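This is input16.txt. It holds compact mmCIF, N, CA and C atoms.
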# COMPACT_ATOMS: atom_id res chain seq x y z
N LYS A 1 -18.21 45.05 -33.74
CA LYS A 1 -19.60 45.28 -33.37
C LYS A 1 -20.47 44.05 -33.60
N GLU A 2 -20.36 43.39 -34.75
CA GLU A 2 -21.14 42.18 -35.01
C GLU A 2 -20.32 40.94 -34.71
N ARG A 3 -19.58 40.99 -33.60
CA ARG A 3 -18.62 39.95 -33.30
C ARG A 3 -19.27 38.72 -32.68
N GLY A 4 -20.35 38.88 -31.94
CA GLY A 4 -21.01 37.73 -31.36
C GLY A 4 -20.31 37.35 -30.08
N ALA A 5 -20.80 36.28 -29.48
CA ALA A 5 -20.21 35.78 -28.26
C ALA A 5 -18.84 35.16 -28.51
N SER A 6 -17.90 35.45 -27.62
CA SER A 6 -16.59 34.87 -27.76
C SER A 6 -16.59 33.41 -27.34
N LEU A 7 -15.48 32.74 -27.62
CA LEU A 7 -15.31 31.35 -27.22
C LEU A 7 -15.30 31.19 -25.71
N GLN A 8 -14.99 32.26 -24.97
CA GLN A 8 -15.02 32.23 -23.51
C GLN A 8 -16.40 31.88 -22.99
N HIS A 9 -17.44 32.29 -23.70
CA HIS A 9 -18.80 32.02 -23.27
C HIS A 9 -19.46 30.87 -24.01
N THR A 10 -19.07 30.59 -25.25
CA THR A 10 -19.77 29.57 -26.03
C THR A 10 -19.14 28.19 -26.02
N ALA A 11 -17.89 28.05 -25.58
CA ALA A 11 -17.22 26.75 -25.63
C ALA A 11 -17.91 25.73 -24.73
N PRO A 12 -18.11 24.50 -25.20
CA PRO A 12 -18.76 23.47 -24.38
C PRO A 12 -17.83 22.98 -23.28
N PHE A 13 -18.41 22.13 -22.42
CA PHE A 13 -17.73 21.48 -21.29
C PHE A 13 -17.12 22.46 -20.29
N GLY A 14 -17.60 23.70 -20.27
CA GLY A 14 -17.13 24.70 -19.32
C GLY A 14 -15.67 25.08 -19.40
N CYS A 15 -15.07 25.04 -20.59
CA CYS A 15 -13.69 25.47 -20.73
C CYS A 15 -13.56 26.96 -20.42
N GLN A 16 -12.58 27.32 -19.61
CA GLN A 16 -12.24 28.71 -19.34
C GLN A 16 -10.95 29.02 -20.08
N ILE A 17 -10.96 30.01 -20.96
CA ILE A 17 -9.80 30.31 -21.78
C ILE A 17 -9.16 31.63 -21.39
N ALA A 18 -7.85 31.60 -21.17
CA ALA A 18 -7.10 32.80 -20.84
C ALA A 18 -6.07 33.01 -21.94
N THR A 19 -5.52 34.22 -22.00
CA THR A 19 -4.53 34.57 -23.01
C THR A 19 -3.25 35.06 -22.35
N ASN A 20 -2.26 35.34 -23.19
CA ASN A 20 -0.90 35.75 -22.88
C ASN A 20 -0.20 34.71 -22.01
N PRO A 21 0.01 33.47 -22.49
CA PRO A 21 -0.32 32.81 -23.76
C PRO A 21 -1.73 32.21 -23.76
N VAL A 22 -2.25 31.92 -24.95
CA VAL A 22 -3.60 31.37 -25.09
C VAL A 22 -3.66 29.94 -24.57
N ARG A 23 -4.62 29.67 -23.69
CA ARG A 23 -4.76 28.36 -23.08
C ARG A 23 -6.19 28.09 -22.65
N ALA A 24 -6.56 26.81 -22.71
CA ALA A 24 -7.85 26.29 -22.28
C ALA A 24 -7.70 25.61 -20.93
N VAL A 25 -8.38 26.13 -19.92
CA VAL A 25 -8.27 25.67 -18.54
C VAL A 25 -9.56 24.95 -18.14
N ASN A 26 -9.38 23.81 -17.47
CA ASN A 26 -10.44 22.99 -16.86
C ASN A 26 -11.50 22.50 -17.84
N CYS A 27 -11.06 21.96 -18.97
CA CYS A 27 -11.99 21.32 -19.89
C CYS A 27 -12.31 19.92 -19.37
N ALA A 28 -13.53 19.74 -18.86
CA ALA A 28 -13.97 18.48 -18.26
C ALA A 28 -14.31 17.47 -19.35
N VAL A 29 -13.28 16.88 -19.95
CA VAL A 29 -13.47 15.91 -21.02
C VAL A 29 -12.60 14.69 -20.78
N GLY A 30 -13.23 13.52 -20.81
CA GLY A 30 -12.55 12.25 -20.69
C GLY A 30 -11.98 12.00 -19.31
N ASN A 31 -11.04 11.06 -19.26
CA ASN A 31 -10.36 10.72 -18.02
C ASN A 31 -8.85 10.84 -18.22
N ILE A 32 -8.07 10.43 -17.23
CA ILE A 32 -6.62 10.54 -17.35
C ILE A 32 -5.93 9.46 -16.52
N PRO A 33 -4.91 8.79 -17.07
CA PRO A 33 -4.17 7.78 -16.31
C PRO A 33 -2.99 8.40 -15.60
N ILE A 34 -2.79 7.96 -14.36
CA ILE A 34 -1.73 8.43 -13.50
C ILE A 34 -1.01 7.23 -12.89
N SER A 35 0.31 7.21 -13.05
CA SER A 35 1.19 6.16 -12.56
C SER A 35 2.09 6.71 -11.46
N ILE A 36 2.12 6.02 -10.33
CA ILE A 36 2.89 6.43 -9.16
C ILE A 36 3.91 5.35 -8.84
N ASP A 37 5.18 5.69 -8.97
CA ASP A 37 6.25 4.80 -8.52
C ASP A 37 6.60 5.31 -7.12
N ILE A 38 5.94 4.70 -6.14
CA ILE A 38 6.10 5.02 -4.72
C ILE A 38 7.34 4.33 -4.17
N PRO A 39 8.23 5.05 -3.48
CA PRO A 39 9.42 4.42 -2.90
C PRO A 39 9.04 3.51 -1.74
N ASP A 40 10.04 2.76 -1.27
CA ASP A 40 9.81 1.73 -0.26
C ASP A 40 9.97 2.19 1.18
N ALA A 41 10.55 3.37 1.43
CA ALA A 41 10.59 3.91 2.79
C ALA A 41 9.22 4.27 3.34
N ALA A 42 8.27 4.64 2.48
CA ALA A 42 6.94 5.02 2.93
C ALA A 42 6.13 3.85 3.47
N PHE A 43 6.44 2.64 3.03
CA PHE A 43 5.68 1.48 3.45
C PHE A 43 6.09 0.93 4.80
N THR A 44 5.10 0.39 5.50
CA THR A 44 5.28 -0.28 6.78
C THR A 44 4.64 -1.65 6.68
N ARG A 45 5.34 -2.66 7.18
CA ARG A 45 4.86 -4.03 7.15
C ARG A 45 3.61 -4.18 8.01
N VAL A 46 2.78 -5.16 7.63
CA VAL A 46 1.50 -5.45 8.28
C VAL A 46 1.68 -5.71 9.77
N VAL A 47 2.77 -6.38 10.15
CA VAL A 47 3.03 -6.67 11.55
C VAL A 47 3.36 -5.40 12.32
N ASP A 48 4.07 -4.46 11.70
CA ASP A 48 4.35 -3.20 12.37
C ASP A 48 3.11 -2.33 12.48
N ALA A 49 2.07 -2.60 11.69
CA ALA A 49 0.84 -1.84 11.79
C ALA A 49 -0.09 -2.49 12.82
N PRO B 1 9.16 -24.60 30.89
CA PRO B 1 7.76 -24.18 30.96
C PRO B 1 6.90 -24.89 29.92
N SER B 2 5.67 -25.20 30.34
CA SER B 2 4.66 -25.78 29.47
C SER B 2 3.76 -24.67 28.95
N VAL B 3 2.99 -24.98 27.91
CA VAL B 3 2.14 -23.99 27.27
C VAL B 3 0.79 -24.61 26.94
N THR B 4 -0.16 -23.74 26.63
CA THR B 4 -1.53 -24.11 26.33
C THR B 4 -2.14 -22.96 25.55
N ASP B 5 -3.28 -23.25 24.91
CA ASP B 5 -4.04 -22.29 24.10
C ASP B 5 -3.18 -21.60 23.04
N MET B 6 -2.50 -22.40 22.23
CA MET B 6 -1.67 -21.84 21.18
C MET B 6 -2.48 -21.63 19.91
N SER B 7 -2.27 -20.48 19.28
CA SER B 7 -2.91 -20.14 18.02
C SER B 7 -1.86 -19.47 17.16
N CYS B 8 -1.96 -19.65 15.85
CA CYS B 8 -0.98 -19.09 14.94
C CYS B 8 -1.69 -18.34 13.83
N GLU B 9 -1.27 -17.11 13.57
CA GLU B 9 -1.84 -16.35 12.47
C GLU B 9 -0.72 -15.76 11.64
N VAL B 10 -0.86 -15.84 10.33
CA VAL B 10 0.14 -15.30 9.42
C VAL B 10 -0.50 -14.10 8.75
N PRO B 11 -0.24 -12.88 9.24
CA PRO B 11 -0.88 -11.71 8.63
C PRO B 11 -0.27 -11.32 7.31
N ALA B 12 0.97 -11.73 7.04
CA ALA B 12 1.63 -11.39 5.79
C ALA B 12 2.63 -12.49 5.47
N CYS B 13 2.59 -12.97 4.23
CA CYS B 13 3.53 -13.98 3.80
C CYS B 13 3.81 -13.84 2.32
N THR B 14 5.09 -13.92 1.98
CA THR B 14 5.52 -13.92 0.59
C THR B 14 6.65 -14.94 0.47
N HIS B 15 6.48 -15.90 -0.43
CA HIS B 15 7.49 -16.94 -0.59
C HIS B 15 8.66 -16.37 -1.39
N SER B 16 9.74 -16.05 -0.68
CA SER B 16 10.92 -15.45 -1.27
C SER B 16 12.16 -15.98 -0.56
N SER B 17 13.32 -15.52 -1.03
CA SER B 17 14.60 -15.93 -0.45
C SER B 17 14.79 -15.41 0.97
N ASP B 18 14.25 -14.23 1.26
CA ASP B 18 14.41 -13.62 2.57
C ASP B 18 13.28 -14.10 3.48
N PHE B 19 13.22 -13.60 4.71
CA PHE B 19 12.15 -13.99 5.62
C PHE B 19 10.88 -13.25 5.22
N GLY B 20 10.23 -13.79 4.19
CA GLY B 20 9.03 -13.16 3.71
C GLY B 20 7.77 -13.59 4.40
N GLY B 21 7.85 -14.57 5.29
CA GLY B 21 6.70 -14.98 6.09
C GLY B 21 6.91 -14.57 7.53
N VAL B 22 5.86 -14.05 8.15
CA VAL B 22 5.90 -13.67 9.56
C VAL B 22 4.67 -14.30 10.20
N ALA B 23 4.85 -14.94 11.35
CA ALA B 23 3.74 -15.59 12.02
C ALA B 23 3.69 -15.14 13.47
N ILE B 24 2.50 -14.74 13.91
CA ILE B 24 2.25 -14.30 15.27
C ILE B 24 1.47 -15.40 15.96
N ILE B 25 2.06 -15.95 17.01
CA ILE B 25 1.46 -17.04 17.76
C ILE B 25 1.04 -16.52 19.13
N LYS B 26 -0.26 -16.56 19.38
CA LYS B 26 -0.79 -16.20 20.68
C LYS B 26 -0.77 -17.47 21.52
N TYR B 27 -0.38 -17.35 22.77
CA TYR B 27 -0.23 -18.52 23.62
C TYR B 27 -0.63 -18.19 25.05
N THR B 28 -0.55 -19.22 25.89
CA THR B 28 -0.56 -19.08 27.34
C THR B 28 0.46 -20.07 27.88
N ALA B 29 1.41 -19.57 28.65
CA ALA B 29 2.45 -20.39 29.25
C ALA B 29 2.18 -20.59 30.74
N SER B 30 3.16 -21.18 31.42
CA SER B 30 3.04 -21.43 32.85
C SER B 30 4.10 -20.70 33.66
N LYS B 31 5.32 -20.58 33.14
CA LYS B 31 6.38 -19.89 33.85
C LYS B 31 7.34 -19.30 32.82
N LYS B 32 8.28 -18.49 33.30
CA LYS B 32 9.26 -17.85 32.45
C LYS B 32 10.40 -18.82 32.13
N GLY B 33 10.91 -18.77 30.90
CA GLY B 33 12.00 -19.65 30.54
C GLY B 33 12.27 -19.66 29.05
N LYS B 34 13.32 -20.40 28.68
CA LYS B 34 13.74 -20.52 27.29
C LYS B 34 13.04 -21.69 26.62
N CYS B 35 12.47 -21.47 25.44
CA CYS B 35 11.82 -22.54 24.68
C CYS B 35 12.36 -22.63 23.27
N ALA B 36 12.58 -23.87 22.83
CA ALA B 36 13.03 -24.15 21.48
C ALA B 36 11.84 -24.22 20.53
N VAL B 37 12.01 -23.63 19.35
CA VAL B 37 10.99 -23.63 18.30
C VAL B 37 11.50 -24.46 17.13
N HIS B 38 10.67 -25.39 16.66
CA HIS B 38 11.07 -26.23 15.54
C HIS B 38 9.90 -26.58 14.65
N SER B 39 10.14 -26.52 13.35
CA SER B 39 9.14 -26.88 12.36
C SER B 39 9.18 -28.38 12.09
N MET B 40 8.02 -29.03 12.20
CA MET B 40 7.95 -30.45 11.88
C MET B 40 7.77 -30.67 10.39
N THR B 41 7.57 -29.59 9.63
CA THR B 41 7.41 -29.63 8.19
C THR B 41 8.67 -29.07 7.55
N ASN B 42 9.27 -29.85 6.65
CA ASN B 42 10.52 -29.47 6.01
C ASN B 42 10.40 -28.26 5.09
N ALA B 43 9.20 -27.91 4.66
CA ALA B 43 9.01 -26.80 3.73
C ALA B 43 9.14 -25.42 4.37
N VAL B 44 9.14 -25.32 5.69
CA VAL B 44 9.18 -24.04 6.38
C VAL B 44 10.42 -23.99 7.26
N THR B 45 11.12 -22.85 7.24
CA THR B 45 12.30 -22.66 8.07
C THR B 45 12.19 -21.36 8.85
N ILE B 46 12.42 -21.43 10.16
CA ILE B 46 12.36 -20.26 11.04
C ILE B 46 13.77 -19.76 11.31
N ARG B 47 13.95 -18.44 11.25
CA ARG B 47 15.26 -17.85 11.53
C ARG B 47 15.64 -18.02 12.99
N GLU B 48 14.71 -17.75 13.89
CA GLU B 48 15.00 -17.82 15.31
C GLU B 48 14.89 -19.25 15.81
N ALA B 49 15.86 -19.66 16.62
CA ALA B 49 15.88 -21.00 17.19
C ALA B 49 15.36 -21.06 18.62

Just give me the structure as structure tokens.
Amino acid sequence: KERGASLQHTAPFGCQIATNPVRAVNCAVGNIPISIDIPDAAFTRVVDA
Amino acid sequence: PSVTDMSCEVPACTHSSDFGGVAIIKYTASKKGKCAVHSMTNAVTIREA
């Protein structure tokens, strides 16, 4: 009864939390590095373009 | 055949063991025929003769 607002409503940065299992979805915090090792079949030489 | 209005553009070049340089030469000729290509500079070698 005197439980107050859950973390679903009070957590900053718009985190959406689901359970079974417990997880925090779409917490807009910081940035992220992504590395792509692209194969060589996808590329076309400048002269062919 | 004789030629005129020759221009040379290198859209992509990489100094490597393989043919890493490609050059597109726009020209105007006079008639159809076989022409020899030769580099007057020793630092460049063309695969096609």

**OP:** Calculate how many Å separate CA of residue 22 (chain A) from CA of residue 8 (chain A), rounding to one decimal.
**Re:** 11.6 Å

Under the rule of at most 8 Å, produce a per-residue listing of chain A near chain B: chain, number, name, the closest pair of atoms, and the distance in Å, as JSON lines, using all atoms listed in the file.
{"residue": "A:45", "atom": "C", "partner": "B:12", "partner_atom": "CA", "distance": 7.8}
{"residue": "A:46", "atom": "CA", "partner": "B:11", "partner_atom": "C", "distance": 6.2}
{"residue": "A:47", "atom": "N", "partner": "B:12", "partner_atom": "N", "distance": 6.4}

**OP:** Using all atoms listed in the file, determine which residues lie at most 6 Å from residue 2 (chain B), disregarding the query and same-chain residues fewer than 6 positions distant; provide the list as JSON, numbers by chain.
**Re:** {"B": [28, 29, 30, 31]}

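Secondary structure of chain B, strand (DSSP E) only (DSSP, backbone atoms): residues 3, 4, 5, 6, 7, 8, 9, 10, 11, 12, 13, 21, 22, 23, 24, 25, 26, 27, 28 and 29 of chain B.
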
Write the residues you've just listed into a file as a short mmCIF file (atom, residue, chain, number, x, y, z; two decimals), in the coordinates of the input, and include N, CA and C atoms for each of them.
data_model
loop_
_atom_site.label_atom_id
_atom_site.label_comp_id
_atom_site.auth_asym_id
_atom_site.auth_seq_id
_atom_site.Cartn_x
_atom_site.Cartn_y
_atom_site.Cartn_z
N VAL B 3 2.99 -24.98 27.91
CA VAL B 3 2.14 -23.99 27.27
C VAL B 3 0.79 -24.61 26.94
N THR B 4 -0.16 -23.74 26.63
CA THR B 4 -1.53 -24.11 26.33
C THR B 4 -2.14 -22.96 25.55
N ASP B 5 -3.28 -23.25 24.91
CA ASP B 5 -4.04 -22.29 24.10
C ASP B 5 -3.18 -21.60 23.04
N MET B 6 -2.50 -22.40 22.23
CA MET B 6 -1.67 -21.84 21.18
C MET B 6 -2.48 -21.63 19.91
N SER B 7 -2.27 -20.48 19.28
CA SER B 7 -2.91 -20.14 18.02
C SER B 7 -1.86 -19.47 17.16
N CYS B 8 -1.96 -19.65 15.85
CA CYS B 8 -0.98 -19.09 14.94
C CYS B 8 -1.69 -18.34 13.83
N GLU B 9 -1.27 -17.11 13.57
CA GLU B 9 -1.84 -16.35 12.47
C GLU B 9 -0.72 -15.76 11.64
N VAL B 10 -0.86 -15.84 10.33
CA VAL B 10 0.14 -15.30 9.42
C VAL B 10 -0.50 -14.10 8.75
N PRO B 11 -0.24 -12.88 9.24
CA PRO B 11 -0.88 -11.71 8.63
C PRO B 11 -0.27 -11.32 7.31
N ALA B 12 0.97 -11.73 7.04
CA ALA B 12 1.63 -11.39 5.79
C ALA B 12 2.63 -12.49 5.47
N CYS B 13 2.59 -12.97 4.23
CA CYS B 13 3.53 -13.98 3.80
C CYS B 13 3.81 -13.84 2.32
N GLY B 21 7.85 -14.57 5.29
CA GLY B 21 6.70 -14.98 6.09
C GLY B 21 6.91 -14.57 7.53
N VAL B 22 5.86 -14.05 8.15
CA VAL B 22 5.90 -13.67 9.56
C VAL B 22 4.67 -14.30 10.20
N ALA B 23 4.85 -14.94 11.35
CA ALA B 23 3.74 -15.59 12.02
C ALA B 23 3.69 -15.14 13.47
N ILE B 24 2.50 -14.74 13.91
CA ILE B 24 2.25 -14.30 15.27
C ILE B 24 1.47 -15.40 15.96
N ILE B 25 2.06 -15.95 17.01
CA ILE B 25 1.46 -17.04 17.76
C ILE B 25 1.04 -16.52 19.13
N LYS B 26 -0.26 -16.56 19.38
CA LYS B 26 -0.79 -16.20 20.68
C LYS B 26 -0.77 -17.47 21.52
N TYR B 27 -0.38 -17.35 22.77
CA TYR B 27 -0.23 -18.52 23.62
C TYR B 27 -0.63 -18.19 25.05
N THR B 28 -0.55 -19.22 25.89
CA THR B 28 -0.56 -19.08 27.34
C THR B 28 0.46 -20.07 27.88
N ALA B 29 1.41 -19.57 28.65
CA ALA B 29 2.45 -20.39 29.25
C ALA B 29 2.18 -20.59 30.74
#

Original post:
Using only C-alpha atoms, which residues sit within 12 Å of residue 3 (chain B) once same-chain residues fewer than 2 positions away are excluded, as a ChimeraX atom specification?
Top reply: /B:1,5-7,25-33,35

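The interatomic distance for the pair atom C of residue 10 (chain A) and CA of residue 33 (chain A) works out to 27.1 Å.
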
**OP:** For residue 26 (chain A), work out the shell of residues within 6.5 Å, counting only N, CA and C atoms and skipping chain neighbours fewer than 5 positions away, then give it as a ChimeraX atom specification.
**Re:** /A:13-16

Original post:
Separation of CA of residue 25 (chain A) and CA of residue 11 (chain A), in Å?
Top reply: 11.5 Å

Edge lengths and centre, in Å to one decimal, as JSON: that's what I need for the box along x, y and z that holds all listed atoms of region 12-20 of chain A plus 4 Å on each side.
{"center_x": -9.5, "center_y": 28.6, "center_z": -22.3, "size_x": 26.6, "size_y": 22.3, "size_z": 13.9}
